[PDB]
């Protein structure tokens, strides 16, 4: 993905200010809540019977941090997302067989989590910079389907 200098600024700026211990479980949790069919890949996490039960689930929060670690890393290597996500693509595509399209949903849920947390700060232009990132990562994570 190629972000112009202003787009890079807008993303690095807000991202430096993200609580890496919560944003990830929040986006993953909302995904499970907003798109229920995704729970099929987490039968092992336990109680996902209610939104509060999903949001408060420890495994969700724990796994969300990893997912988040994946994005921070993606941001660190935009000019080369393919090589970066190669391994996560083999897992998500070849082992997991994650339904096509799920990666973009989560990116978009991530974007919703970012807006909710930052509010006014997540300006239309700031959001635009993140849709590119999310799309670069979702595309890269799906390279085994290419």
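Numbering follows the first chain given and starts at 1. Note that the rigid core is defined as the largest set of C-alphas that superpose within 1.5 Å between two forms.
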**OP:** State which stretch is farther from the displayed form on average in 5 other deposited structures of this protein, 135-143 or 1-9, counting RMS CA distance after fitting on the rigid core.
**Re:** 1-9
Original post:
When the other structures are laid on this one by the rigid core, do the CA atoms of 109-117 or of 93-101 sit farther away in 5 other deposited structures of this protein?
Top reply: 93-101
Original post:
Comparing 109-117 with 53-61, where is the mean C-alpha B-factor higher?
Top reply: 53-61
**OP:** Please work out which of 27-35 and 85-93 has the higher mean CA B-factor as recorded in the PDB entry.
**Re:** 85-93
Original post:
With respect to C-alpha B-factor, does residue 40 fall in the lowest, middle or highest third of the chain as deposited?
Top reply: middle
Original post:
Taking the entry's C-alpha B-factors for this chain, is residue 68 in the lowest, middle or highest third?
Top reply: middle
